[PDB]
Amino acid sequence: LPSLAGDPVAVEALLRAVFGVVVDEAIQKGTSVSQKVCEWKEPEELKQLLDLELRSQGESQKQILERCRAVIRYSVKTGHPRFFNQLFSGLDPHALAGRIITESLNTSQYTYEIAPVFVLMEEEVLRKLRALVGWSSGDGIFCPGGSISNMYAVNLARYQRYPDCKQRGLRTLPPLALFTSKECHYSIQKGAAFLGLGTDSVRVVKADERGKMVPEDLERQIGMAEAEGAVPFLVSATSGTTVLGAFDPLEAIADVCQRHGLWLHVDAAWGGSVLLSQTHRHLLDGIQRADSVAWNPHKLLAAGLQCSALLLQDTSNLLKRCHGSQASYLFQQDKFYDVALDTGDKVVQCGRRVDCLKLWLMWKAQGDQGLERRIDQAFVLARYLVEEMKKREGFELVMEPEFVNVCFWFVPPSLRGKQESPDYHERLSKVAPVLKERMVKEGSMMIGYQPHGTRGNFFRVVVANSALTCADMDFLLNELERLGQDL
């Protein structure tokens, strides 16, 4: 019987050819301002171009390389400087190098025995993240997304309060109440439903005109929950909301939590990266008082999806106690290394991706200093965009940004001066969808839009890509004016 792994003359030839296409088309053309951010195709046309159906007979190297080219060609270039659609943008070359190594090594982040380098590396990465929060002791894990990080935090808080629920379930326990801002309630609600608490267990707290949770309303809602028979157990503050980029007042919220004996979770998936900035880290003042912090380096630090940590001040092996399986004890296992290093008991996953190397390698190249410089420059470019938009006709700022989320309407010539008509906001709301379609079909830029509060669709420009220059901000304004002129 022959090896079915592949002709090894073919393997080197294949990977060399593929990496050539990746360098030319994904890494170089995909980050070049002279190329398109996206090549729009209607779903049915793209199906035709991709010939997707999986079938009986295989294909040749030539056929495979043509498919690789097509996949890259028609994919959105998220590393492109004019990709502003998400809370990630850019292609850090060291993070990419780390990703490529990780994929080549294909292991599970599980035991020192199958992942010795990564068991040690993850520990260091989590220790460093904890240091930036303000903790020199604690624990933590990587999770497959911040949404799941948030769920872990809720599960851990529930377990600390009611450890028997791990065996008996929560059905006979009192009603549990958790609290979060109106500006960040989606994964919290999804998580509450998944964990068996129900979305009704989530009490949504008022946010002020800057998008910040109101501590007086938090206190009010805690009292109302108690009056309805519930047991408050957790408050989830948000340090960097997804739309406005607002930062909750952590010191005041920590005070409320302390008064009521509640677990404080900080959802810093987006804003946590600001801890690298000496100039801007004050936005998270009080975060060291948290019981848990979610932080996604795959967002502002550009580590690559997914890179999402849950950080704890805990030193009681709460993760292992809460998530661990019951061990058998009939026969001694004589493991020849310190199995305290292993993380299988800390997670509800079994197999787990290595997410630490892409972050670690980039952090080795950049240092704290390089990552700080990038954060600070993003803040500068966001403020530059705001200042420049005020000088042009048509741009209406939603609010002054606290972070790098710049939110605004584009008012086209046909609506300029018509602010006091009865259907103005209704008409203005239809503008961003049309402009988005045009920029996408042109391939020149992508900006996200959404409605929020009592107002209709406005743009959210996220200023995150380390490649950005002032000229890119100028381009964005110039292009909106050009695409919007006939609206």
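Residues carry their position along the shown sequence, with the first being 1.
On average the C-alpha atoms of 349-357 have higher B-factors than those of the other stretch, with 263-271 and 349-357 being the two compared. Higher mean CA temperature factor, per the PDB entry, when comparing 421-429 with 51-59: 421-429. Take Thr172, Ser308, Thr199, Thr107 and read off each C-alpha B-factor from the entry; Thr172 has the highest. Residue set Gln313, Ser236, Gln333, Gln86: peak C-alpha B-factor at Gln333 (per PDB entry).
When the modelled residues of the chain are ordered by C-alpha B-factor, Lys391 sits in the highest third. Compared with the other modelled residues of the chain, the Cα B-factor recorded for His94 ranks in the lowest third. Looking at the C-alpha B-factors along this chain, the one for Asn150 belongs to the lowest third. Sort the chain's modelled residues by C-alpha temperature factor and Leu129 lands in the lowest third, per the entry.
When the CA B factors of the chain's modelled residues are split into thirds, the value for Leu301 lands in the lowest one.
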